[PDB]
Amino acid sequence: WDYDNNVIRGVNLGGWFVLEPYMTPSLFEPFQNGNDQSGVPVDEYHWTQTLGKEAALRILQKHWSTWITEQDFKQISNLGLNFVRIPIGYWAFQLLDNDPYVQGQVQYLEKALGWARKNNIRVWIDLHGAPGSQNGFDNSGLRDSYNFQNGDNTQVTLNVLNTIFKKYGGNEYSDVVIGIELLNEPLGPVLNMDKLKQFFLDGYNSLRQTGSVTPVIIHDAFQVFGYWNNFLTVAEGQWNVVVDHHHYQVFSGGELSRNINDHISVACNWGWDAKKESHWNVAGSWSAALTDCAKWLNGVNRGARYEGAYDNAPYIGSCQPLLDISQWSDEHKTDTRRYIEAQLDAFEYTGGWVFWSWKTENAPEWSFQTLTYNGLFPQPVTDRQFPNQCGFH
């Protein structure tokens, strides 16, 4: 991959190897007692634990074997995409003592790498969940825990990375894998950043020490633009390093409160800021969402800030009419198309973009398929109904 000249146009294969209740609510809904959600497992840790090893494996094997298949990779290619980001949890490689997680993801990851090769699609392998959790998000596997830097969890994470490095950073997949992402979304504000930097450095060095020339992808840990400019630099002989920035405008009341023009201005400025940075950078996660209305987006048994139903947030608008894309107002469809186009322009201004995510069961703001089929995601992805919203130079 030419990170200097080529632009990544990609989708995440989210909800596949790490369960996210909002992406596959059908796997979590059976635990409901009518309208009471207090008994629904909040993450994959608790879901596998509640089910037990046998049931969890049965249900996950059906999920893994159907959620993403070769046909998805064909459709991805057909739609003009050239890339997928593949989240995977540490537990696919290594279990902590007493971990309830079941394994078997690796078989499908490797099928995926073959399907990518067959369809001329490049790949990041993304270690999306670390033992103890690096962020307390349900998508780390373990909600509301922040223990990645406690005990032996960082070392276990590095051991899992070494496994990933040896299997996937070598010659076998040199034509497919164009990045290994050390850790998805470490929650910088609650972590020791010096230790996180040392972890990134250890990972970088470990990978190169294997003889691998695979790009090392470091997530920005929610730091300000430019924060990583002086870390892992060619000045220190540290090369083939890409910063992965994630961008949304839905996870606080203040962001949700913005009018569409201001949402677009924020998206444009993501582009301007990224352009100033020293490392190659890619927007590895973003979506069309202008609300946090998707059921369980904030987590199982948590409502949406958009309708004043979470975290003492005040009401902004009703979520029910936004759950089904067939029901959207023309205003929301227009706002969505404008927002997607602004983001595309912003992200192609540097290394490109990786939409979160390829598919969801019924959350349209978060599905490349659904948005495309409804004419809201440009197809071809270069199509613009709202050209030059940002005025890039």
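Just count from 1 along the sequence shown to find any residue number.
In this entry, 30-38 shows the higher mean Cα temperature factor of the pair 30-38 and 337-345. When the C-alpha B-factors of 186-194 and 71-79 are averaged, 71-79 comes out higher. Taking only the listed residues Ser287, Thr214, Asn119, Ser140, the entry reports the highest CA temperature factor at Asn119. Between the residues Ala235, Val250, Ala130, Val266, it is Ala235 that shows the highest Cα B-factor in the PDB record. Remark: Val282 belongs to the lowest third of its chain, ranked by C-alpha B-factor as recorded.
In this PDB entry, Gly179 carries a Cα temperature factor that places it within the lowest third of its chain's modelled residues.
Placement of the Cα temperature factor of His246 within the chain: lowest third of the modelled residues, per the deposited record. Residue-level temperature factors show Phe368 in the lowest third of its chain, judged at the C-alpha atom. Annotation for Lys276: C-alpha temperature factor in the middle third relative to the rest of the modelled chain, per the entry.
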